[PDB]
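Note that each Cβ is placed from the backbone with ideal geometry, even for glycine, and that neighbours are counted across all protein chains shown. Please treat every number below as a calculation from the coordinates, not as lab data.
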2 protein chains.
Amino acid sequence: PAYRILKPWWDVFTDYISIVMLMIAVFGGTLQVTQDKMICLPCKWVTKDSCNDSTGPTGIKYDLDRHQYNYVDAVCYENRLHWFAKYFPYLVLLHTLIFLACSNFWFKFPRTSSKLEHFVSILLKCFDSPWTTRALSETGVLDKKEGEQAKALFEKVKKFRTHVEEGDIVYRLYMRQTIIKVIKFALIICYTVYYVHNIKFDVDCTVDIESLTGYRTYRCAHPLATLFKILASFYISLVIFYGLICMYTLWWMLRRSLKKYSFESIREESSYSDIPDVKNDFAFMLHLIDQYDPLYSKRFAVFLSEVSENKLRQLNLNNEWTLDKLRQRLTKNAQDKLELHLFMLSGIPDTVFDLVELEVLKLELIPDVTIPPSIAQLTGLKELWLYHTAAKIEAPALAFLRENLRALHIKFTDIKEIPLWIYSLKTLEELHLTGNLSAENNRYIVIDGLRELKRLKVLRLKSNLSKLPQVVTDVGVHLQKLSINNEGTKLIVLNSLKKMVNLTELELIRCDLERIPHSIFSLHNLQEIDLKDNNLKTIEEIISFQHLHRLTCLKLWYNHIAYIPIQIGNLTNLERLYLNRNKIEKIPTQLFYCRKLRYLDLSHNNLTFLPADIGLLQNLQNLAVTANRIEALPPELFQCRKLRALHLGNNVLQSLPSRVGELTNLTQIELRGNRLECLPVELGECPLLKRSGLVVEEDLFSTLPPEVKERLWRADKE
Amino acid sequence: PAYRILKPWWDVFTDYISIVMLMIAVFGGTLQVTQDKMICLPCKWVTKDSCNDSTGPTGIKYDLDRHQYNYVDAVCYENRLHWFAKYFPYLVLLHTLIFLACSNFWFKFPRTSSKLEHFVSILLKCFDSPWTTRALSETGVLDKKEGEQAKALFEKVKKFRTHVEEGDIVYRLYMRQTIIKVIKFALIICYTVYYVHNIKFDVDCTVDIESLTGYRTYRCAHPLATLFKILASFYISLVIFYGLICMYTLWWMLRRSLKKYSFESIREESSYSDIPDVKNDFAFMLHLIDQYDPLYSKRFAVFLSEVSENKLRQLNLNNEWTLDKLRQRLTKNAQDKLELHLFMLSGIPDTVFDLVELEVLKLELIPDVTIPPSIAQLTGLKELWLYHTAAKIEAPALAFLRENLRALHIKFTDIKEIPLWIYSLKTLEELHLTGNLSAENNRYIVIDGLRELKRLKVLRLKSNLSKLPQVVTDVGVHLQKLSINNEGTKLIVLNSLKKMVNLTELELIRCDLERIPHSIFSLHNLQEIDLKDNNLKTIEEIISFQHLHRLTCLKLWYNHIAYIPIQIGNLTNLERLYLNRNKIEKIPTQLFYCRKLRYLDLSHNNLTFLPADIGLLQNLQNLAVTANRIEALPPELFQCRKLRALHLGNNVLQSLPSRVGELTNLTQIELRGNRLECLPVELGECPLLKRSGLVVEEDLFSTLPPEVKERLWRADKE
């Protein structure tokens, strides 16, 4: 059936003893009801209310009719026969019924019956699940339905365990009913042994009946006395055994503290040490199961272990993300390297470590992930991005990283979630800290270990830092690229950059400087300068940039500057100048003294006209003047032949010179938003020009001869 | 079974008490039928109808044979034995049957039996459904069959709830049967305790039998009197326990108002506060289940919460609106970018945010729309359309929109139903308000937050403005394209356009101007101006538009202007001129002085003829003369070769000049509605001519020679 596992050997022994006692009770009751007469005979001679018992023999004449004998039998039976001899079977029946009631009370009381049914259903479901079979076998691939069933079983087992530990009702009812059984056995044995000698075959009744029969005392015989006596002896022996069993049950329930379950055997033998001991009302059920069969408890033990749940989740992720299905999700970043980005995953699948070709791994919002040593299988992995991810490392994996790690990007909201092994990677070249290093008024101790990286070359601090850290200044002695994104927070250098003399990039995006630092003049090794959104008003510091012999990538876009300084003519080695999103009205001629410009870009600025000496800069390749008040392009703009990109959008350009055919290198040109009424007929005289190379509105697209349109459409096939 | 959950502990206790009372009844009945004799003996000496009880002892001779004894036994048993002694087992059987019948009445009465069966079936189905398991686990991917089953179960649970709250029948029957049990217990205890003293071993019967026996009174013995007495005491104890249990049931049902279920503990702990209290005949069943097991009620409670229904809708939407369905459902908008339109959907599927190529999102009539942080997964999204939707957005998604959102479209009728985080979108470029911002005696306070967004370029207020809000005046100094549509509502400026200095588009559609405002003159930087449906009468203010040297797209259609002023010739920059749907009798020649017109259109006008100066517009591309009484077309007009479109509908034309054949750039021309009858042959010679461009009547199309029609059709494929 179903509840056979919930009854220990003593319970079934008591059940069978109760059945035998019920048979005794019904046999005695049938005996009494069918015939329990008391055959009484008056005796002539009386010796203190007792019969004296003092040619051929002859019978004794009593002159009593049959009905008088029946009456004296009835009176002597009701009055002078001991109540035990008359009511033994009924007392046995009542005691057996009470024993059965107190044995089955917890099975029938709904408050505990529901809990028992829930526990047995859960135990049966957890006993036969193949996940338990696999876990016991281990002491590769499982079906999705099986994994989902195991996950649901884990969840409901945990919820049931949480719900049950506060009950403490099944154990209380079991203990109370066992106490009732023990005390009932004590009383039954005492009174039955005391009164069993009170039943006998021959009895004497002096019932005081003279006016109806004529004799006072009667010698009476009870035919069932011997049978009732042997039945009482049998019932006494049965109750003795029942009481011994109940005493054993009490001793078992009072010498173990059954509210606490050990659960140590499996966790010390199978090494499943992460199984906490259960509280009251659940240790009792497990003890009962142990008394029935320890294997059920052993198989149910796996569902309470965190290791089992964790490896179940890992197997679920392995099934969900196969190798072929995961190579599909591989993507390429801007740097053209294989990138695997995990988003909102429950963890790191172990199948991702089979991709030897993996090069970039990005982890974003995965909770409490431990990088398994299987990462040692990978070879080409160089970038690891942990955005809001706390990753814990193992010993072989940490050494593998310290040997073969190149890049690391981490974003964090609190310091406590940053890796504690980040400093152990002494070969990391580039680091990207986009968290919030401003702890509780600390001197950036959380990054004080940045000096450990002796091969650190790129820094990407974006943490709203109020000032450049001492540790950063120390580590910048061998730093190639320094990038600070202060998000508009005011930053003060205060003579802190001259320590670094090997920096090549000094990106200062949103540092809110408002002034070009005076220490940047000491970094003659700087080549790329970016000052986006620093609220810079005066940029006359170009008067000191000529000492920097490698200044070639001066970028000053997204700023508020009025007039370009003449000191630009001081510099000569400028290759990429960017001054977009500014308010500049006049373009100086001396700016063109830098004949090495390649990617000059002046777009979204309050410009008015293009100087006619731009042809003097024949090395120009790109020039984007989108969103500017440029009335017309001067012809000298087309003197250059090396120009490639030319973006003139949202500009008031009424006319376009026909000499566009002079430039063969003009690849992409953008003229959307301009006030053009007709297009040059030499626009098609460019061998290298595709559909994406021309960006104009359709309405004016047909004003040119259709032949060049057909040529362009023919060249746009592939 | 199945109804064990519907029987509290008192019900099963009363069932077992009834079983034991039935055992007492059958035992007493078998005793009485098998032997209920009364052994009577006549007594010689009588003292007031009662036996007096006044060498060797000898028996007493009554001279009665056995049959006389049997007769007196029968007579005394029938007449002078108390009816209780004879009929105790039968009364016990009757009471037990009545108790069982009143306990099982509701289970056997079909009217409540069907309701109970349906309720227990629904409760069992909702107990083990994995949807409840997930809901309780949360306090990913769900199978389609499981979701469909959950939706069907939700619907049938709601239907059953609607069906049951009107019943109020099961509770009435339960209360009535408990009252019956209590009153029956009261009567039973009263009469049974009163009459239990009437059963006794020794009785005296004065039965008046003299002619048959010769003795008057008899002393009789009732052998079963003591057994019936102890049985009656046992039955009285059982009835006492039964009555106490019924009293407890009455107290439980009369101090809780079981018609109303609190349902608040789960809804206050699990945050499922949206669970309305159930009414009568359904709260009672929940109370019964709680008395059996609260877990069944807790698991069934999820189907009664609106939150569970909403999240099941969301899950079914995600399972239904698959990634491929949304990918295929993407369209191309008029702006030539990927767009997705959601109409009356219950929510936004999470697979929508998996289309990284999506660029425009349209939402209409989506109630309680929540933007998840997973919208940050989208990257190409640039425009948001919130038509009558109150959008709730979290912090990370709000930052994502603050960084990567270009345009916004919202439709509303009330102030409150617009998002309150609109001003948190810093990078917004376009705004589309199509509501009613005219609140109760306010200076448009709600839109006063527009000063926060300094990056806005396009504003599309449509709220039937009466006075231009001061916020719009202050914010228009950096605005590019302002479109206002009041749907005929009066608009007043009072020097409100002078604040702007850089605006270019001033669409004032249906603003009920009725006169050209005098504040528009200061906006010399305007390039596009439209005054459609503004009830204008005279436009002689062109002399004040000479300050506008960038005005090239003046639009004045859907108005009623008597005549065109001669001041049009003073301007020369007109490129797109519109005076459609007006009543102008003649076009002055000075208007043709502007040679750079390209999209001049005068349709639905009361024109008589066109001056030959129209032939000097060699730069005109599209000209629409539909619904004009132009009897003849000047030959000078056809001399131009830059015409692109000539739309002629509902005009007085009797023939077409043969000089149209010299046109080679004529892309399209329409002659619908005209009473033409002949098509000149030279029309068939044009490098760019297809069937779509030239649409005329089918009958008139057959008048030209066919040898060119076949050639054109052969080139009509591609």
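When a footprinting reagent is the concern and you count Cβ atoms within 10 Å, what order do A:593, A:218 take, fewest first?
Ranking A:593, A:218 by Cβ neighbours within 10 Å, fewest first, gives A:593, A:218.
Can you list the equivalent-ellipsoid semi-axes of the range B:154-202, largest first and in whole Å, using the square root of 5 times each Cα gyration tensor eigenvalue?
Semi-axis lengths for the range B:154-202 are 48, 9, 4 Å.
If each Cα of the range B:276-315 is one equal point scatterer, what is log10 of I(q)/I(0) from the Debye formula at q = 0.35 Å⁻¹?
-1.12
Taking a temperature of 37 °C and a viscosity of 0.692 mPa s, what whole-number D in µm²/s does Stokes-Einstein yield for the range A:168-305 with Rh from Kirkwood over alpha carbon pairs?
Once the numbers are plugged in, D ends up at 166 µm²/s.
Given the range A:411-517 reduced to its alpha-carbon atoms as identical point scatterers, what log10 I(q)/I(0) does the Debye formula return at q = 0.12, 0.13, 0.17, 0.23 Å⁻¹?
-0.37, -0.44, -0.78, -1.49
Give me the Kirkwood hydrodynamic radius of the range A:1-160 in Å, from all C-alpha pairs, to one decimal place?
Kirkwood radius, the range A:1-160: 22.9 Å.
So what are the radius of gyration and Dmax for the Cα set of the range A:599-650, in Å?
Cα only, the range A:599-650: 10.3, 27 Å (Rg, Dmax).
Using a Förster distance of 41 Å, how high is the FRET efficiency between residue A:208 and residue A:187, based on the Cβ-Cβ distance and rounded to 0.05?
0.75
Hull surface divided by four, with the convex hull built on the Cα atoms of chain B: how many nm²?
56.9 nm²
Per the Kirkwood definition applied to all pairs of different Cα atoms, how many angstroms is the hydrodynamic radius of the range B:303-343?
One decimal place: 12.2 Å for the Kirkwood radius.
Based on the Kirkwood radius over alpha-carbon pairs, what is the Stokes-Einstein translational diffusion coefficient of the range B:544-604 at 25 °C with 0.890 mPa s viscosity, in µm²/s?
Answer, rounded: 208 µm²/s.
Considering all projection directions equally, how large on average is the shadow of the alpha-carbon convex hull of the range B:520-565, in square nanometres?
Seen from a random direction, the Cα hull of the range B:520-565 projects 3.0 nm² on average.
Computed from the mean reciprocal separation of all distinct C-alpha pairs, what Kirkwood hydrodynamic radius does the protein assembly as shown have, in Å?
Kirkwood radius, the protein assembly as shown: 43.9 Å.
What's the FRET efficiency of residue A:158 with residue B:74 using the Cβ-Cβ distance as r and R₀ = 60 Å, to the nearest 0.05?
Once rounded, the FRET efficiency stands at 0.20.
Going through the cross-link list A:586/B:498; B:332/B:481; A:499/A:555, which pairs have a Cα-Cα distance over 32 Å in this structure?
Going by Cα-Cα distance, every pair falls inside the 32 Å limit.
Taking neighbour Cβ counts within 10 Å as the exposure measure, how do A:490, A:555, A:229 sort from fewest upward?
Least crowded to most crowded, the residues run A:490, A:229, A:555.
Once the convex hull of the alpha carbons of the range B:495-576 is built, what does its volume come to per residue, in cubic angstrom?
So the per-residue hull volume is 81 Å³.
May I have the convex hull volume per residue, in Å³, for the Cα set of the range A:69-142?
Each residue corresponds to 164 Å³ of Cα convex hull volume.
Might you report the magnitude of the Cβ-based charge dipole of the protein assembly as shown about its Cα centre, with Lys and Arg at +1 and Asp and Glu at -1, to the nearest 20 debye?
The calculated dipole for the protein assembly as shown is roughly 1400 debye.
Under 27 Å between C-alpha atoms is the cut-off here; go through the range A:61-158 and count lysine pairs that meet it, provided they're at least eight residues apart or on different chains.
16
Using every alpha carbon pair in the range B:411-471, what percent of pairs falls into each 10 Å bin from 0 up to the bin containing the largest distance?
Percent of Cα pairs in each bin: 21, 60, 19, 0.
How far is the Cα center of the range B:168-233 from the Cα center of the range A:383-428, in Å?
So the separation of the two Cα centres works out to 91 Å.
Fewest Cβ neighbours within 10 Å first, please rank B:278, B:141 accordingly.
B:141, B:278
Place a +1 charge on the Cβ of each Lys and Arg in chain B and a -1 charge on the Cβ of each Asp and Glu, then give the dipole magnitude about the Cα centre in debye, rounded to the nearest 20.
680 debye
Using only the alpha carbons of the range A:184-238, determine the length spanned along each of the three principal axes and report them from longest to shortest in whole angstroms.
47, 20, 13
Hey, how much of the P(r) for the range A:638-718 falls beyond 16 Å, as a percent of Cα pairs?
So the portion of pairs separated by more than 16 Å is 50 percent.
Placing +1 on the Cβ of each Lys and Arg and -1 on the Cβ of each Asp and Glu in chain A, which of A:626, A:247, A:31 has its Cα farthest towards the positive end of the resulting dipole?
Highest projection toward the positive end goes to A:247.
Could you calculate, for the range A:365-457, the ratio of the Cα radius of gyration to the Kirkwood radius, expressed as Rg to Rh?
0.95
In nm, what does the list of distances from residue A:4 to its counterparts in the other copies look like, shortest first, when each label sits 7 Å along Cα to Cβ?
1.7
Give me the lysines in straight-line cross-link reach of residue A:490: C-alpha distance below 17 Å, same-chain residues under 8 apart excluded.
Correct list for residue A:490: A:462, A:467, A:532, A:537.
Tell me the distances, shortest first, between residue A:698 and the same position across the other copies, using label points 7 Å along Cα→Cβ, in nm to one decimal.
When each copy's label point is compared with this one, the spacings are 2.9 nm.
Work out the mean other chain Cβ neighbour count within 10 Å for the residues of A:106-115 and drop it here as an integer.
Shielding by partners across A:106-115 averages 4.
Just the C-alpha atoms of the range A:120-214: what Rg/Rh do they give, with Rh taken as the Kirkwood radius?
Across the range A:120-214, the Cα-based Rg/Rh ratio is 1.54.
Can you bin every Cα-Cα distance in the range B:517-626 into 10 Å intervals starting at zero and give me the percent of pairs per bin, rounded to whole numbers?
15, 51, 31, 3
Considering amide H positions built from the backbone, and no H for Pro or chain starts, which residues 5 or more places from residue B:430, or on another chain, come under 5 Å of its amide H?
For residue B:430, the qualifying residues are B:407, B:408, B:457, B:458.
Per-residue counts of other Cβ atoms within 10 Å, averaged by peptide: what ranking do you get for A:67-78, B:101-112, highest first?
Final packing ranking: A:67-78, B:101-112.
For the range A:23-89, what percent of Cα pairs sit more than 13 Å apart?
74 percent
Determine the distance separating the Cα centre of the range B:581-632 from the Cα centre of the range A:88-135; give it in Å without decimals.
Centre-to-centre distance over Cα atoms comes out at 101 Å.
Sorted from largest to smallest, which semi-axis lengths in Å does the alpha carbon gyration tensor of the range A:229-364 give for its equivalent ellipsoid, taking the root of 5 times each eigenvalue?
The equivalent ellipsoid of the range A:229-364 has semi-axes of 60, 13, 10 Å.
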